[PDB]
Amino acid sequence: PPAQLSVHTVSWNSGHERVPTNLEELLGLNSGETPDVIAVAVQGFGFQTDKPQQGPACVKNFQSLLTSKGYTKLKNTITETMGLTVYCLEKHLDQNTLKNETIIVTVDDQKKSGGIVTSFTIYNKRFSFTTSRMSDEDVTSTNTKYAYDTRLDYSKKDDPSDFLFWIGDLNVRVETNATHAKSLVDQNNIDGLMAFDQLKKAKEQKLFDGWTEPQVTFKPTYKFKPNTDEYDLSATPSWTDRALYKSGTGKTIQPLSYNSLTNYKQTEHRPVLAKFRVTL
Ligand code: HEM
């Protein structure tokens with residue numbers, strides 16, 4: 001059992017986008033890094049029914065990439081609007097203690113909103129990865145629009161998880177007009193634009209309680225004109241894909257890196273990659 005392990009998370013509100021070409025860049029592997037755990041989350045349209053017959057390409061692309069690197073896919077789960085895959089280096093895995101388990105929680109009759117939680121145990125320490133999806137119009141357990149539900153929060157449990165990450169588009173946005181928001185972006189005033197971000201409001205309403213976001217240094221990841229770097233000012237530029245972290249048992253988690261991946265310009269949102277170090 002090592003003292004520390006590293007985790008990479010990536011999420012993307014990808015819509016109808018297929019898997020892109022350079023996957024090492026997407027998962028933060030393009031500089032020789034060997035993370036112990038990798039988690040990939042999507043939000044979009046039509047995953048489960050797979051009309052585009054895309055799912056077999058996803059498999060081939062992610063197996064080509066990760067099998068030789070020593071990773072085992074612990075779980076892939078898709079719904080019509082969400083996707084969550086967790087990988088872990090094979091060497092850390094004990095079949096007798098893994099206790100690999102996934103839940104899906106949907107809140108609407110159409111099964112478009114709610115979340116996925118995948119959890120697993122290595123070195124007697126339990127990880128949970130959550131992704132979630134909420135739409136503005138939804139009727140919710142919190143009476144807010146935010147993609148939080150206590151059933152997706154494995155810190156609120158009597159045998160809580162050791163290491164938890166929540167990744168995906170939290171339906172948290174910037175609460176100011178677009179004109180002002182674009183002007184703060186042009187001034188590189190990231191912190192001044194962040195003052196209007198809703199995550200702090202959600203936390204006031206006791207949502208995402210005790211969950212932490214790494215310092216944000218990058219410009220809003222949404223809403224872009226596809227295949228350009230131009231904001232479509234029909235929405236207030238915002239931070240849609242986020243990465244949050246927490247321990248349910250007092251463990252130390254340290255963010256190493258948190259960044260948008262602006263080379264992936266194909267749709268209205270940009271992917272977000274985070275890298276962490278956890279102490280067992
Ligand atoms: C940027 C876009 C996307 C990413 C990052 C993504 C990623 C993934 C990942 C990581 C898996 C698990 C791979 C593995 O077996 O190791 C997967 C599986 C899947 N993907 Fe995607 N994908 C995307 C787009 C799509 C789209 C657009 C569709 C359909 C409209 C789709 C349908 C599926 C299906 C059905 C599976 C299940 C595959 C199976 O187990 O046979 N994917 N994808």
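- X-ray crystallography is the method the PDB entry lists for this structure, together with a resolution of 1.55 Å.

- The protein is annotated in the PDB entry as Salivary nitrophorin from Cimex lectularius.
- For the protein, the Function (literature references left out) comment in UniProt is given as "Heme-based protein that delivers nitric oxide gas (NO) to the victim while feeding, resulting in vasodilation (Probable). In place of heme, the heme-binding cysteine can also reversibly bind NO when it is present in high concentrations."
- In its Subcellular location section, the UniProt entry covering the protein states "Secreted".

## Topic: the UniProt feature "binding site: heme" in the protein
No. 1: As recorded in UniProt, the sites labelled "binding site: heme" are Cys 58.
No. 2: When you line up the elements, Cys 58 lands in helix 2 (residues 55-66).
No. 3: What makes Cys 58 partly exposed here is its relative accessible area of 25%.

## Examining helix 3 (residues 178-186)
No. 1: When we look at burial in helix 3, the residues that qualify are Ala 178, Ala 181, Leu 184 and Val 185. The arc that holds the buried residues of helix 3, viewed along the axis, is 125°, so those residues lie on one side. For helix 3, exposure combined with an orientation more than 90 degrees from the buried face picks out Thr 179 and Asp 186.
No. 2: Against helix 4 (190-194) lie the buried residues of helix 3.
No. 3: Positive backbone phi, approximately 45°, marks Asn 188, located one or two places after helix 3.

## Points about the pattern of salt bridges
Oppositely charged side chains may form a pair once their charged atoms are brought near each other.
No. 1: Scanning all chains against the criterion turns up 12 salt bridges.
No. 2: Between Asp 162 and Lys 251 there is a salt bridge; the shortest N-O distance is 2.9 Å. Of this pair, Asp 162 sits in the loop between strand 7 (125-133) and strand 8 (163-169) while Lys 251 sits in the loop between strand 9 (241-246) and strand 10 (253-260), placing them 89 residues apart in sequence.
No. 3: Take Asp 162: its relative accessible area is 9%, and that puts it in the buried class.
No. 4: Sharing partners across several salt bridges, the network here consists of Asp 197, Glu 213 and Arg 242.

## Some words on the site of the ligand
No. 1: Taken together, 21 residues are adjacent to the ligand, and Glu 17, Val 19, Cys 58, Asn 76 and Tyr 87 come closest.
No. 2: At a separation of 2.6 Å, an oxygen atom of the ligand approaches a polar side-chain atom of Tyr 87.
No. 3: Judged by the fraction of its atoms near the pocket grid, the ligand is located in the largest pocket.
No. 4: Those elements that place two or more of their residues in the shell around the ligand are strand 1 (4-15), helix 2, strand 3 (71-78) and strand 4 (82-89).
No. 5: Sort the elements by how many residues they give to the shell around the ligand and helix 2 lands first, with four residues.
No. 6: By residue class, the composition of the shell around the ligand is 11 nonpolar, six polar and four charged.

Procedures and definitions
For every chain, the first residue of the written sequence is numbered 1 and the count continues from 1 onward along that sequence, whatever numbering the entry uses; residues with no coordinates are hidden. Excluded from the side-chain calculation are hydrogens and water; included are all heavy atoms of the structure. UniProt positions are given in the numbering used here, feature names are shortened, and annotations may be inferred rather than shown by experiment. The way it works is that DSSP assigns letters per residue, a run of H or I at least four long becomes a helix, a run of E at least two long becomes a strand, and they are numbered from the N terminus. Partly exposed describes any residue whose relative accessible area lies between the buried limit of under 20% and the exposed limit of over 50%, with all areas from a 1.4 Å probe on protein chains only and scaled to the type maximum. Note that the arc is computed from the directions linking the helix axis to the C-beta atoms. Contacts between residues were defined by any pair of non-hydrogen atoms, one from each residue, lying within 4.5 Å. Salt bridges are defined by distance alone: a side-chain nitrogen of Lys or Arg within 4 Å of a carboxyl oxygen of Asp or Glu. Each residue is tested against the molecule or strand, and it is near if at least one of its non-hydrogen atoms lies within 4 Å. Counting of polar contacts relies on pairs of N or O atoms within 3.5 Å, with two restrictions inside protein: one atom must be capable of donating a hydrogen and the other of accepting it, and residues adjacent in sequence are counted only when both atoms are side-chain atoms. Grid spacing is 1 Å over the protein atoms alone, the probe is 1.4 Å, and a cavity is where that probe fits but cannot get out, while a pocket is an open set with protein on both sides within 12 Å along at least five of seven lines and lining residues have an atom within 4 Å of a point. In this description, a molecule resides in a pocket or cavity if more than half of its atoms sit within 2 Å of the grid points defining it. All amino acids are sorted into three groups, where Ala, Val, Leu, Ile, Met, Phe, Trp, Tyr, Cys and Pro are nonpolar, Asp, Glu, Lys and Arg are charged, and the leftover types, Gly among them, are polar.

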